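Chains as they are written, first to last, in the deposited numbering: chain I, -8 to -1, 1 to 36, 38 to 105, 10A to 10C, 106 to 122, 12A, 123 to 179, 181 to 194; chain E, 4 to 60, 63 to 180, 18A to 18F, 183 to 204, 206 to 207, 2B to 2E, 210 to 233; chain H, 1 to 91, 93 to 105, 10A, 106 to 187, 189 to 223; chain B, 4 to 63, 63A, 64 to 144, 14A, 145 to 200, 202 to 204, 20A to 20B, 205 to 216, 21A to 21B, 217 to 218, 21C to 21D, 219, 21E, 220 to 239; chain G, 6 to 34, 34A, 35 to 143, 14A, 144 to 179, 17A to 17E, 18A to 18D, 184, 18G to 18H, 18M, 186 to 218, 220 to 240; chain N, 1 to 70, 72 to 92, 94 to 105, 10A to 10B, 106 to 181, 183 to 187, 18A to 18J; chain A, 4 to 102, 10A, 103 to 147, 14A, 148 to 200, 202 to 209, 20A, 210 to 217, 21A to 21B, 21D to 21P, 218 to 236; chain J, -1, 1 to 90, 90A to 90B, 91 to 105, 10A to 10C, 106 to 181, 183 to 193; chain F, 5 to 180, 18A to 18F, 184 to 199, 201 to 206, 20B to 20C, 207 to 218, 21A to 21C, 219 to 241. Positions of the beta carbon are idealized from the N, C-alpha and C atoms, including for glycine. Before any comments, here is the structure.
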């Protein structure tokens, strides 16, 4: 019934010292039935990262849509799109379907190639933007994530520390959600490099 | 002159004429003669059907629009089909919606207005056919003459087509006479056939060559062709 | 949500709380409920966030184009007419409840618009779930001829009524002052009476605490 | 009526030719020359900027080389504005394809679609054709490096080396005289500059009057890379090839 | 080739003959008009000529009330003048509905000018052979005169004149302002501005006027109205008692 | 909502309360339900605030364009435009409107347009939730050709009673007098009418 | 009725010329001179306010228009065509950009949009090309300052400095002499004023000249405060006075 | 619903589809082939709403054949599955959505590897070693999760399927009248006409 | 050059629209018709040329009523006149539907004016080949109007158009001078009958039939009605008498 609880899954993003981190679980289920343990919910266009929780078909569609738009953006602007700009694009693209929305919970993370300033943002299914300074949670275990983040989080963590923090937030939240888990992947992002690590977790 | 102002109906000549319309009227003169006349109880249509070969038929010139109305054509057959069909609908509309037979004078107004539209807009062409409409309505018998220019006139009798002038002069003479042939169709029809022969020249009206139609007081518009018109030749 | 608008001797002021919720969960502890339509016409919005924002910027966009076209400063009655006719057209499906204020060539104005398109005029207004807490304060302290400072205090107090007494409202107080002869001044976080006390412990994890299966570098350069 | 002022841009001549297409081509023949040469390890696109001034900003300019995709680029000869209209719809077709199949659009498929659009203005609509000719340089995993050409008629063809615009005859003869199947990108770059240098209607061939681009598959990578040479880069290669 | 003079396309010299000939049409009525600005009012004078004795003089006018505040005088054939008037009225009414405030005179001028500019570019639309002079006392700009032509051009004036003898009236007005050094008639009452207007009309045209030779329109704060034969006669009398 | 329009000797007067509610909550207590569609043609609104405002705005628009072309419209013409909108869109509107205007040839006129979209010309009319309570009272106290003073009193009393019994009505009693003399605005506070 | 002109009014002549575009360019050549100069920290666009009568109020007619708070335009040719082009440009800046990305478009892209509008008037059915050439000057975060020229054909090109209209040939020559890549805004404004003096016949002062610049952000022209990131428009039209002051140091 | 299974072994993809076609009280047919060949090396099985089922499959088939002829080339299994997902993703937000779930099995001649794609009517696609639609997975996944090995020969795969089908015939309430099995490999698509007792 | 008279919305070098002028010719070439405004109404009359004895007398009515209070008569292409009346009828119906009150004559005039003016805006249409005299009684007075093919129209004291318009205009001017107080409905009817008889000299060759109608506040109650029987014969004689 609820399009946002059919497939399950979660995403979380955090800001650190000259870095940002975005993580997600890997489950794609069909209600109680687990279907895939390799459904990644994080994508990137240039140096901008986008996580999308919700109805899987929409997650896929929105990714294909943004690849399309950022591609033409680069061709015209002759430069890769920035987090702040992309966030606006995500918002207007979602509101454009105001009365027949995609059932997703988008999350944007990245660092502005010109100011180096870390950036993260969350949106509701119809485009409303939430630009947090600390963290953004999304998915079927968002209550759990809020709980984890509100406690585990502290400002200006170093890349190696933020990784521990965000992973523990994702991991323990997903273990309290029947529709999340089956793998997880964390992205640590810095001005010059991005490292992607797969975590080890329960498979039930 | 003319050649510069006769390319379409949307152009006025320096003198204030519409050549395309005039050219349309010319298609009528080239058409076979047809006559129409009425008393106070009946209205008759006598039309000379033209034949292509001697192996060809004599193309119909009379069309029924309703039980109380009909017309004769002179000019482009297709156009008459279009206009008579439009009149058939207008008659039908009046009956179905108002349970009222369409007045002949009103049928004329409709025809005028339809034809008028094809004389003021680019892309179209005027109708190339003349029509004689007869009918018996709530105000008696009626005869109308329709011209592609959109001009429709009510008369006691008239004719259109080639040499139509012969019959028209005859009728303008016989007026006081036939205008009183009330209660006797055979007489009105004979008078009509006499007016039409005033425009003959090529041959003489034969059996499969003559076509007559009548409507009146207690006579639903009916068309007579062939053997049925024999007793008039 | 708690939003108020208060008229004062030479202008108008609008304030709002900063809490954002999804059911009983606080999604954003500091979201902006104040919107700029033109430089000197601002909006306080309640209802559906995507909507207050979207409607605020659509009309704002057209107001800007109208301004350039007419070579005149935007008027509040214009932003108001464009907003209500838009909201009315959508029969309430665009959940925007706004308190629109501002100054223009004709003076200072204060209006309220509901999702269905009806508008109201008054010297003090409140909307949102804190609506009643705020209105109690306004009904108790408003008076004709308030000074810019008296108004900011009153508006600020009314938002506080909602922050403390309404579960739908919380966190900080944003204010925007529009005075007839000057620039409009937006005071984001004019008040921050809800700072989280220091935690009882640090939850920083020793590095290596998380089990990792695979690792790789992501290619960001084309 | 209107019929009076209708040029009837889409009719046949008694000889069975398309007036407008023929006249559009005539127009194109006066455009700065553009050349496309395909080597074994890459493709070269070179073009001569028609008309320039001391004050013309060459760093922020691009009137002949456009990127359509990450694997496809084109050289323009004719009306810049017209070309842009086409280029944009071409860029969109590429993305649609990508979104539908999750694969980059094969070079010909994109060239054919763009050509069909041109062909359209030729058979219906009563509009004038686009005064533009394109040279397409691109790569895909089915035919590798490809070089195509399309003109106002909507017709397109494949080449090893080709030129469009002014003095194409002279250019074509010079290319058909020194082109060899086993060429190498660097060899092609040289042939291109040489050819343009001999067919220019201008005094000399300076960098400020050129645009250069290459689509190579950098051995140290394994992928296809497009390079739209910068003013300085052109200035450099212009010296090395001995044209200083 | 030679059709570049029938529709609005460029001539080899870069001209639009149809627009030029449209300007020619504006003088077809052989009527002159002028507008001047008061201290807080705007006045427009226009010759009224009723040749046919069978005409109802009260229905012969080239001055229109576009809205409560905007007045428009037209130099050109009446059928085109009325077309323009209707459009202007519709535009002014719609604007009020959409934006909540009365359409400014200068804005309505721009809008009409833009509409005209279009007939200039699209081939199926012919330009209107009229010149529109809009007047009012704008709530932001005060007394205002904005005029538009078949070319889609428009601008504001301190005062202006239109018609066959436009040039004479213009240099007359020019001279007066070079003298006064101000850009308006420093009078408090519109009546005197109307008298000033009529006077200079007489000097420039070198003709005397009766109460039926003129047409007068006046715009003030929140209202634009036209004078009657008797309201004019009163004006004509006053100017007489000074000469 | 409690509204009424009464025609008297010198023209007509419109009256209304100023309360708007959303449930038992009084959202606005100084609402102006007397809307101007023309200089001397006003209306009393009842029903949906959004609906009646939108309707009024459109009518005002129509009468302003009508005036630009045909001069001042009759009160009947105004009621006609209101009716056209209300009847033609009866499925999507909830508007009860009383049209009142002053003509020189016709003096004061009152037309009532209830939910269905039908029009009714009357010596006076009452509508709105609170109107139900004053039907008896108004029918026993209305008199044709009253003076401005008597009328203002008939309205002040009627509406104070409407307000007394109807929780949906309240605030101040607003009035608008339409006569040859011009347009006059009146307001009466609680402390005055509550003790009548 | 109904526009029945659905065919092109601009076609290819046997020589390959597009007559209507050529003629439109001719109309531009008769137009009053206008120019643009790019400095290192700003751009300047100027033109002459050829008052078509002393009774006309030259202020109620800006030849220099703001398109976005960081982009301005000026022209040479048919004024009315320019005016509607300006309205369309301001709108397209929103509809095709601001409403999608939440930020104003970069000079090149808006120029691109404007160019597209003109290219269409060169091929769509039933219309004639625009009779103007525009000089658009702007600034955006990733491209800094830029200056573009857009012709009736829809073609546009970036410039360091250039002039269009009546005395464009001479003015462009005088510009080549004084331009270098180290000019400060004031220097360009100065050169602009000198270059324009040659093209002006009569009065040359701040009331007969129209000049605007694209320089630093003018927080004083924002209208509000409280948003650190919003610092004001870079576009600023000079006042009659500001011009005269610089005319003395001419 | 019907049975729709798919397993991707070492060098081929295998699709097993029930043969029954029921309409309420009666089983109208017991030899129904719920499959359509989209191209020489790509097969698609399907299950769902009565008419939509075959209408969609044939519609897709036609489109791929048209592409094949236009380009004289066979789209990669990946390409075909993306095309199909998009069609279903459009359909879900249309007036009357196609209620069809599919399994696309194809051998990529370029990569020289078999591929199995599972796409439901919402346009939800995922690539898998083995997959199913409907209730089929509930009875068989525990078995596949156990015995599946990436290096299985086509023969081992057929045996694992047989085991799956037996579990299905035992615990499932409906009589799906057996299954038709098909193999897709480097050499094309062939049907295992002998599974009624393999 | 020339040809400025072949398309409808074209301005000739002297600012004229020849096609409209040519339309006026068709009008002059038509029957003469007139209108006389009296002290509380208006009278319309027209000449009906009897082409022959075959035309049923009193039948082919020319004057037309719009709504219930407006009369219309025209000279020129008859079908064009009907078309215009049809539009006026729709025009009037719409006005009454929205405003309830029947359309004021002035308002009605501009409706016909705007419509006719509209047919001089495009070359896709032809101007109306008729001049129309129409009017009636409304909320404040009687009004008489005449509308030209150009769309031009004014309020008249008396009006005439057609073959013998000059005779008419002369006769009308006399009445205007000799009755500054205002003719009466009864009187205008006779006067009209006369003026048509006089103006019929410019067509004295053919015999005719007279047609009159009026709209008087006191005589017809503000409703347009045709002059029939006695009142008609009485006026036919009043003319026959003063024609000798």
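Residue from the options with nearest C-alpha to residue i
i                      : options                      : result
residue 215 of chain E : E/195, E/190, E/88 and E/207 : E/190
residue 184 of chain G : G/161, G/167, G/88 and G/131 : G/161
residue 189 of chain J : J/177, J/55 and J/181        : J/177
residue 74 of chain A  : A/59, A/58 and A/45          : A/45
residue 147 of chain H : H/10, H/181 and H/1          : H/10
Cβ separation of residue i and residue j, assumed to be a contact under 8 Å, to the nearest whole Å
i                      : j                      : result
residue 21 of chain B  : residue 124 of chain B : 6 Å
residue 11 of chain I  : residue 151 of chain I : 6 Å
residue 82 of chain E  : residue 136 of chain E : So it is not a contact: roughly 12 Å between Cβ atoms.
residue 99 of chain N  : residue 48 of chain N  : No, residue 99 of chain N and residue 48 of chain N are not in contact; Cβ-Cβ is about 11 Å, not under 8 Å.
residue 171 of chain I : residue 29 of chain I  : 4 Å
Residue environment, residue i, which counts as buried when at least 16 other CB atoms sit within 10 Å
i                      : result
residue 66 of chain F  : buried
residue 120 of chain N : exposed
residue 164 of chain H : exposed
residue 190 of chain H : exposed
residue 171 of chain F : buried
residue 76 of chain F  : buried
### Message
Could you check whether the stretch 61 to 73 of chain G touches the stretch 45 to 54 of chain H, counting it as contact only if at least three pairs of C-beta atoms, one from each stretch, sit closer than 8 Å?
### Response
no
### Message
Three Cβ pairs or more, each shorter than 8 Å: is that satisfied between the stretch 176 to 186 of chain B and the stretch 93 to 110 of chain B?
### Response
Three or more beta-carbon pairs separated by less than 8 Å are not found between the stretch 176 to 186 of chain B and the stretch 93 to 110 of chain B, which leaves the two stretches without contact.
### Message
Would you call the stretch 75 to 93 of chain G in contact with the stretch 153 to 173 of chain F, where contact means no fewer than 3 C-beta pairs closer than 8 Å?
### Response
yes
#### Entry: Three CB pairs or more closer than 8 Å across the stretch 10 to 23 of chain E and the stretch 15 to 33 of chain F
yes
### Task
Could you say if the stretch 224 to 239 of chain B and the stretch 85 to 97 of chain B meet the contact criterion of at least three C-beta pairs nearer than 8 Å?
no
### Message
If we require 3 or more residues per run, which beta strand (DSSP E) segments fall completely within the stretch 29 to 82 of chain J?
### Response
Fully enclosed beta strand (DSSP E) runs of 3 or longer: 34 to 38 and 41 to 47.
### Task
Give, in chain order, every unbroken run of the beta strand (DSSP E) that is at least 3 residues long and sits entirely within the stretch 79 to 125 of chain B.
none
### Query
Does the pairing of the stretch 128 to 147 of chain J with the stretch 108 to 116 of chain J give three or more beta-carbon distances under 8 Å?
These segments do not touch.
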